[PDB]
Amino acid sequence: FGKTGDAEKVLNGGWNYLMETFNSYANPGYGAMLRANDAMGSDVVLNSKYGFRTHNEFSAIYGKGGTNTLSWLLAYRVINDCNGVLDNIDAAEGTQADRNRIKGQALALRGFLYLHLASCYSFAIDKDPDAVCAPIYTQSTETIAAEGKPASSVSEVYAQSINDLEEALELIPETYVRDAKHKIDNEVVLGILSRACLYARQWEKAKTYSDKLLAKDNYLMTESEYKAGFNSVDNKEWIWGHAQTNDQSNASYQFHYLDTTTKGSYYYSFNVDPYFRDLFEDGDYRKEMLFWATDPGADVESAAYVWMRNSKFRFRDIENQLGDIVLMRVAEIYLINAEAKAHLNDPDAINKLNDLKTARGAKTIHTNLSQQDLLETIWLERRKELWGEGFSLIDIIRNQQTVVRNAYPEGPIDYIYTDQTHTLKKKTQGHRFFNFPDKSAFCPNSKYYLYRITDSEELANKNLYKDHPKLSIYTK
């Protein structure tokens with residue numbers, strides 16, 4: 001520590017650690033939680049390969065497996081990096097501009113990590129606002145911290161996230177020019193604020209910040225761009241994302257789960273609920289990206305089943321196993337803006353929804369819906385547009401919805417493919433896990449939806465549940 005550059009180096013290292021750190025090959029950095037989040041939803045069917053099958057079953061996170069462990073470690077180690085920067089940035093030799101901007105970036109990253117904790121470790125803020133969530137640290141690794149700090153409530157962790165991000169917004173000037181898509185600038189702060197405020201049910205704020213963002217950047221990608229594999233930060237609709245190169249390639253390993261179509265993908269495991277394709281109108285080009293296929297690389301004649309694949313995510317460089325990781329796109333901001341406006345009874349909600357629908361070739365809404373039916377229509381468009389990008393469980397939790405999974409028949413059907421085209425009879429595979437592990441029917445607000453404070457933390461932090469008790473739904 002000593003100069004502004006030195007503080008930035010610590011922050012850059014924190015970012016790298018968040019994105020790149022394995023906990024086994026099953027968990028490639030922060031994206032592992034995004035993948036878990038979709039496996040724990042209504043729209044994704046996992047195959048039997050290594051990785052996320054237990055997540056699809058709802059046993060992995062409740063079971064405190066490696067994904068759950070990595071979540072806790074990444075969140076708190078990177079928060080500690082942000083706090084080390086924040087403890088030292090005011091003394092850093094450099095320009096006041098750089099001190100402000102670096103301080104803002106540290107606060108924004110810290111706020112993002114508290115948003116992760118708030119949105120995954122407790123039920124919705126309006127289900128129980130005082131429910132236990134997670135400890136809040138704002139100083140690097142005091143006396144209150146060494147003996148344990150009590151966990152704060154879900155409302156308090158949301159408030160911490162929003163406050164950090166609002167402080168960042170003031171500190172990072174609109175004129176600051178970032179040079180890479182993983183770096184946080186004014187637009188990135190507005191976007192994370194929009195998300196955080198939506199999840200916290202601060203509708204007026206969510207509207208305010210997403211309106212500001214869309215006034216600066218309202219780009220929606222073309223059909224060719226949408227079909228290009230969701231694997232490059234160069235895309236103009238990506239507000240935030242993590243690039244991959246031969247030197248920095250750990251995060252790319254998660255394309256072995258997400259890519260169900262490229263020959264050479266190792267696990268091709270994030271397959272589609274066949275019923276998800278029925279959510280799309282003919283003419284919507286996203287519907288074209290959903291199709292039956294045999295496992296990529298397998299002999300087509302030897303294969304008993306087809307699964308529903310999404311061409312959405314593909315490796316950029318399959319030989320060198322590279323693909324970039326999307327974290328935030330403009331389409332999400334249109335959807336946040338629409339949803340906040342629906343809660344506020346602002347008629348403009350439907351226009352933002354229809355802008356996204358139009359861009360994708362989907363049928364526009366031309367009837368007035370009740371606020372509740374408009375919200376459900378918005379939530380459906382989130383599932384359709386954001387499939388595979390890490391939101392399914394987050395929406396289930398914050399909206400107090402239930403996972404829904406219907407059985408698809410086995411067929412067989414006539415499968416058409418190319419080597420030159422041929423046809424063969426194949427069995428069709430849909431969802432596999434239709435209830436929770438203890439045979440409970442899927443319902444809102446299940447214990448099986450939440451990430452859990454680790455066993456290690458329960459031992460080490462003797463004050464963890466002092467202010468807010470551990471949820472009584474846990475029997476172990």
# chains A, B, ... in the order shown; residues from 1 in each chain; ligands from 1
call {"tool": "closest_atom_pairs", "arguments": {"of": "range 330-388 of chain A", "to": "range 17-34 of chain A", "cutoff": "12 Å", "atoms": "only C-alpha atoms", "output": "CSV"}}
result
residue,atom,partner,partner_atom,distance
A:386,CA,A:34,CA,11.3
A:387,CA,A:34,CA,10.8
A:388,CA,A:34,CA,8.0
call {"tool": "residues_around", "arguments": {"residues": "residue 118 in chain A", "least_positions_apart": "2", "cutoff": "7 Å", "atoms": "only C-alpha atoms", "output": "list in words"}}
result
residues 114, 115, 116, 120, 121, 122, 133, 154, 157 and 158 of chain A
call {"tool": "closest_residue", "arguments": {"among": "A:286, A:43, A:219, A:64", "to": "residue 380 in chain A", "atoms": "only C-alpha atoms"}}
result
A:43
call {"tool": "select_by_dssp", "arguments": {"residues": "range 299-366 of chain A", "states": "helix (DSSP H, G or I)", "output": "list in words"}}
result
residues 330, 331, 332, 333, 334, 335, 336, 337, 338, 339, 340, 341, 342, 343, 349, 350, 351, 352, 353, 354, 355, 356, 357, 358, 359 and 360 of chain A
call {"tool": "residues_around", "arguments": {"residues": "residue 141 in chain A", "least_positions_apart": "6", "cutoff": "9 Å", "atoms": "only C-alpha atoms", "output": "list in words"}}
result
residues 76, 77, 79, 80, 81, 83 and 84 of chain A
call {"tool": "write_last_selection", "arguments": {"atoms": "C-alpha atoms", "output": "CSV table (one decimal), in the first residue's frame"}}
result
chain,number,residue,atom,x,y,z
A,76,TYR,CA,-16.1,-12.5,2.6
A,77,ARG,CA,-12.6,-12.6,1.2
A,79,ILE,CA,-15.4,-7.9,0.9
A,80,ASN,CA,-12.1,-7.9,3.0
A,81,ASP,CA,-10.2,-6.7,-0.1
A,83,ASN,CA,-12.4,-3.0,3.1
A,84,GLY,CA,-8.5,-3.0,2.9
call {"tool": "residues_around", "arguments": {"residues": "range 266-269 of chain A", "least_positions_apart": "4", "cutoff": "7 Å", "atoms": "only C-alpha atoms", "output": "tab-separated table (two decimals) with N, CA, C and O atoms, in the first residue's frame"}}
result
chain	number	residue	atom	x	y	z
A	46	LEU	N	-30.95	-30.88	-15.54
A	46	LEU	CA	-29.57	-31.35	-15.49
A	46	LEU	C	-29.49	-32.81	-15.96
A	46	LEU	O	-30.33	-33.66	-15.59
A	47	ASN	N	-28.48	-33.11	-16.77
A	47	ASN	CA	-28.14	-34.50	-17.02
A	47	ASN	C	-27.38	-35.08	-15.82
A	47	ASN	O	-27.30	-34.48	-14.73
A	49	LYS	N	-24.15	-35.89	-15.66
A	49	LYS	CA	-22.73	-35.68	-15.67
A	49	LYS	C	-22.28	-34.95	-14.40
A	49	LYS	O	-23.06	-34.44	-13.59
A	50	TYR	N	-20.96	-34.94	-14.24
A	50	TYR	CA	-20.31	-34.16	-13.19
A	50	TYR	C	-20.80	-32.72	-13.15
A	50	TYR	O	-21.05	-32.08	-14.19
A	256	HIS	N	-18.31	-25.77	-19.89
A	256	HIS	CA	-18.51	-27.20	-19.97
A	256	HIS	C	-19.88	-27.68	-19.47
A	256	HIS	O	-20.34	-28.77	-19.84
A	257	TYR	N	-20.53	-26.86	-18.65
A	257	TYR	CA	-21.89	-27.08	-18.13
A	257	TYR	C	-22.93	-26.41	-19.05
A	257	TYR	O	-23.97	-27.02	-19.41
A	258	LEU	N	-22.66	-25.16	-19.41
A	258	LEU	CA	-23.63	-24.33	-20.16
A	258	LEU	C	-23.72	-24.62	-21.65
A	258	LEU	O	-24.76	-24.39	-22.26
A	259	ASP	N	-22.63	-25.09	-22.24
A	259	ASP	CA	-22.59	-25.37	-23.68
A	259	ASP	C	-23.03	-26.80	-23.86
A	259	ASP	O	-22.33	-27.74	-23.47
A	260	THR	N	-24.22	-26.97	-24.44
A	260	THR	CA	-24.84	-28.27	-24.64
A	260	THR	C	-24.83	-28.65	-26.12
A	260	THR	O	-25.48	-29.63	-26.53
call {"tool": "closest_residue", "arguments": {"among": "A:53, A:277, A:101, A:343", "to": "residue 171 in chain A", "atoms": "only C-alpha atoms"}}
result
A:101
call {"tool": "residues_around", "arguments": {"residues": "residue 320 in chain A", "least_positions_apart": "2", "cutoff": "12 Å", "atoms": "only C-alpha atoms", "output": "list in words"}}
result
residues 244, 245, 246, 247, 248, 249, 250, 252, 253, 255, 264, 265, 315, 316, 317, 318, 322 and 323 of chain A
call {"tool": "write_last_selection", "arguments": {"atoms": "N, CA and C atoms", "output": "PDB file, in the first residue's frame"}}
result
ATOM      1  N   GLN A 244     -12.060 -13.640 -20.752  1.00  0.00           N
ATOM      2  CA  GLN A 244     -11.244 -14.858 -20.653  1.00  0.00           C
ATOM      3  C   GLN A 244     -10.183 -14.923 -21.727  1.00  0.00           C
ATOM      4  N   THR A 245      -8.977 -15.330 -21.319  1.00  0.00           N
ATOM      5  CA  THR A 245      -7.847 -15.442 -22.206  1.00  0.00           C
ATOM      6  C   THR A 245      -7.052 -16.645 -21.755  1.00  0.00           C
ATOM      7  N   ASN A 246      -6.057 -17.045 -22.533  1.00  0.00           N
ATOM      8  CA  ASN A 246      -5.269 -18.221 -22.165  1.00  0.00           C
ATOM      9  C   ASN A 246      -4.597 -18.055 -20.811  1.00  0.00           C
ATOM     10  N   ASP A 247      -4.268 -16.816 -20.424  1.00  0.00           N
ATOM     11  CA  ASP A 247      -3.662 -16.430 -19.149  1.00  0.00           C
ATOM     12  C   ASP A 247      -4.651 -16.384 -17.982  1.00  0.00           C
ATOM     13  N   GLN A 248      -5.918 -16.213 -18.306  1.00  0.00           N
ATOM     14  CA  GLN A 248      -6.960 -16.026 -17.302  1.00  0.00           C
ATOM     15  C   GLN A 248      -8.179 -16.816 -17.802  1.00  0.00           C
ATOM     16  N   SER A 249      -8.176 -18.111 -17.534  1.00  0.00           N
ATOM     17  CA  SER A 249      -9.105 -19.050 -18.189  1.00  0.00           C
ATOM     18  C   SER A 249      -9.892 -19.965 -17.256  1.00  0.00           C
ATOM     19  N   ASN A 250      -9.811 -19.761 -15.950  1.00  0.00           N
ATOM     20  CA  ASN A 250     -10.548 -20.660 -15.052  1.00  0.00           C
ATOM     21  C   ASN A 250     -12.047 -20.522 -15.179  1.00  0.00           C
ATOM     22  N   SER A 252     -13.891 -19.887 -17.605  1.00  0.00           N
ATOM     23  CA  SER A 252     -14.375 -20.505 -18.846  1.00  0.00           C
ATOM     24  C   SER A 252     -14.846 -21.955 -18.636  1.00  0.00           C
ATOM     25  N   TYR A 253     -14.309 -22.627 -17.632  1.00  0.00           N
ATOM     26  CA  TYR A 253     -14.635 -24.023 -17.391  1.00  0.00           C
ATOM     27  C   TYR A 253     -16.142 -24.219 -17.215  1.00  0.00           C
ATOM     28  N   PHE A 255     -18.460 -23.097 -19.054  1.00  0.00           N
ATOM     29  CA  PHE A 255     -19.025 -23.448 -20.370  1.00  0.00           C
ATOM     30  C   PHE A 255     -19.089 -24.960 -20.611  1.00  0.00           C
ATOM     31  N   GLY A 264     -16.951 -31.285 -27.980  1.00  0.00           N
ATOM     32  CA  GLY A 264     -15.825 -30.949 -27.101  1.00  0.00           C
ATOM     33  C   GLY A 264     -16.221 -30.414 -25.734  1.00  0.00           C
ATOM     34  N   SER A 265     -17.459 -29.928 -25.561  1.00  0.00           N
ATOM     35  CA  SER A 265     -17.936 -29.592 -24.217  1.00  0.00           C
ATOM     36  C   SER A 265     -17.962 -30.851 -23.353  1.00  0.00           C
ATOM     37  N   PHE A 315     -18.887 -22.141 -26.148  1.00  0.00           N
ATOM     38  CA  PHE A 315     -17.485 -21.764 -26.082  1.00  0.00           C
ATOM     39  C   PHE A 315     -17.129 -20.846 -27.251  1.00  0.00           C
ATOM     40  N   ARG A 316     -16.347 -19.826 -26.957  1.00  0.00           N
ATOM     41  CA  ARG A 316     -15.780 -18.960 -27.994  1.00  0.00           C
ATOM     42  C   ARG A 316     -14.642 -19.654 -28.709  1.00  0.00           C
ATOM     43  N   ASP A 317     -13.742 -20.260 -27.936  1.00  0.00           N
ATOM     44  CA  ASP A 317     -12.580 -20.972 -28.474  1.00  0.00           C
ATOM     45  C   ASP A 317     -12.633 -22.365 -27.852  1.00  0.00           C
ATOM     46  N   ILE A 318     -13.064 -23.374 -28.610  1.00  0.00           N
ATOM     47  CA  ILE A 318     -13.308 -24.691 -27.997  1.00  0.00           C
ATOM     48  C   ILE A 318     -11.979 -25.445 -27.755  1.00  0.00           C
ATOM     49  N   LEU A 322     -12.177 -21.305 -23.983  1.00  0.00           N
ATOM     50  CA  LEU A 322     -12.416 -19.942 -23.540  1.00  0.00           C
ATOM     51  C   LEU A 322     -13.846 -19.529 -23.837  1.00  0.00           C
ATOM     52  N   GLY A 323     -14.433 -18.832 -22.881  1.00  0.00           N
ATOM     53  CA  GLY A 323     -15.725 -18.154 -23.069  1.00  0.00           C
ATOM     54  C   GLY A 323     -15.928 -17.164 -21.969  1.00  0.00           C
TER      55      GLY A 323
END
call {"tool": "atom_distance", "arguments": {"atom1": "CA of residue 104 in chain A", "atom2": "CA of residue 332 in chain A"}}
result
22.9 Å
call {"tool": "residues_around", "arguments": {"residues": "residue 287 in chain A", "least_positions_apart": "2", "cutoff": "10 Å", "atoms": "only C-alpha atoms", "output": "count of residues only"}}
result
18
call {"tool": "atom_distance", "arguments": {"atom1": "CA of residue 144 in chain A", "atom2": "CA of residue 66 in chain A"}}
result
28.5 Å
call {"tool": "atom_distance", "arguments": {"atom1": "CA of residue 42 in chain A", "atom2": "CA of residue 132 in chain A"}}
result
26.5 Å
call {"tool": "residues_around", "arguments": {"residues": "range 392-406 of chain A", "least_positions_apart": "3", "cutoff": "7 Å", "atoms": "only C-alpha atoms", "output": "compact mmCIF listing (two decimals) with N, CA, C and O atoms, in the first residue's frame"}}
result
# COMPACT_ATOMS: atom_id res chain seq x y z
N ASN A 37 -28.02 -21.27 -9.25
CA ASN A 37 -29.26 -20.51 -9.24
C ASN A 37 -30.24 -20.94 -10.33
O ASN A 37 -31.43 -20.96 -10.10
N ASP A 38 -29.73 -21.24 -11.51
CA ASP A 38 -30.57 -21.72 -12.58
C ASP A 38 -30.92 -23.18 -12.47
O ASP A 38 -32.03 -23.56 -12.83
N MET A 40 -31.55 -24.57 -9.83
CA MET A 40 -32.59 -24.59 -8.79
C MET A 40 -33.90 -23.85 -9.21
O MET A 40 -34.67 -23.40 -8.35
N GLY A 41 -34.19 -23.83 -10.52
CA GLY A 41 -35.32 -23.14 -11.04
C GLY A 41 -36.26 -24.08 -11.79
O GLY A 41 -36.17 -25.33 -11.69
N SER A 42 -37.17 -23.48 -12.54
CA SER A 42 -38.20 -24.22 -13.24
C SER A 42 -37.82 -24.58 -14.64
O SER A 42 -38.56 -25.34 -15.28
N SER A 119 -29.75 -11.48 -1.14
CA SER A 119 -30.69 -12.10 -2.09
C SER A 119 -30.73 -13.62 -2.06
O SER A 119 -31.69 -14.19 -2.61
N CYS A 120 -29.73 -14.29 -1.47
CA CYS A 120 -29.58 -15.75 -1.47
C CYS A 120 -29.68 -16.43 -0.09
O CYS A 120 -29.92 -17.60 0.00
N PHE A 123 -35.07 -15.53 3.02
CA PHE A 123 -36.30 -15.34 2.25
C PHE A 123 -36.54 -13.84 1.99
O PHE A 123 -35.81 -12.96 2.52
N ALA A 124 -37.49 -13.57 1.11
CA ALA A 124 -37.79 -12.20 0.65
C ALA A 124 -37.89 -11.21 1.81
O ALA A 124 -38.36 -11.54 2.92
N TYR A 199 -34.73 -5.75 -5.72
CA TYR A 199 -34.78 -6.88 -4.82
C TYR A 199 -35.17 -6.50 -3.40
O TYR A 199 -35.87 -7.26 -2.73
N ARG A 383 -37.61 -15.00 -17.19
CA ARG A 383 -37.22 -16.39 -17.38
C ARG A 383 -36.83 -16.65 -18.83
O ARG A 383 -35.88 -17.40 -19.09
N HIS A 431 -37.77 -32.79 -17.51
CA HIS A 431 -37.40 -32.72 -16.10
C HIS A 431 -37.28 -34.10 -15.46
O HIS A 431 -37.97 -35.05 -15.86
N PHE A 434 -39.01 -33.81 -9.49
CA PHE A 434 -40.35 -33.19 -9.44
C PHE A 434 -40.84 -32.74 -8.04
O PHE A 434 -41.97 -32.27 -7.88
N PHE A 442 -43.12 -29.01 -4.11
CA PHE A 442 -42.51 -27.70 -4.27
C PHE A 442 -43.50 -26.66 -3.76
O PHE A 442 -44.70 -26.79 -3.95
N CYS A 443 -42.99 -25.68 -3.04
CA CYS A 443 -43.83 -24.63 -2.47
C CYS A 443 -43.00 -23.35 -2.35
O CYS A 443 -41.77 -23.38 -2.48
N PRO A 444 -43.66 -22.20 -2.14
CA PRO A 444 -42.89 -21.01 -1.84
C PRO A 444 -42.16 -21.09 -0.49
O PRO A 444 -42.55 -21.81 0.43
N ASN A 445 -41.07 -20.35 -0.41
CA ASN A 445 -40.40 -20.14 0.86
C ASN A 445 -39.92 -21.44 1.51
O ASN A 445 -40.04 -21.63 2.74
call {"tool": "select_by_dssp", "arguments": {"residues": "range 185-415 of chain A", "states": "strand (DSSP E or B)", "output": "PyMOL selection string"}}
result
chain A and resi 238-242+245+248+270-272+290-293+305-310+317+322+325-329+413-415
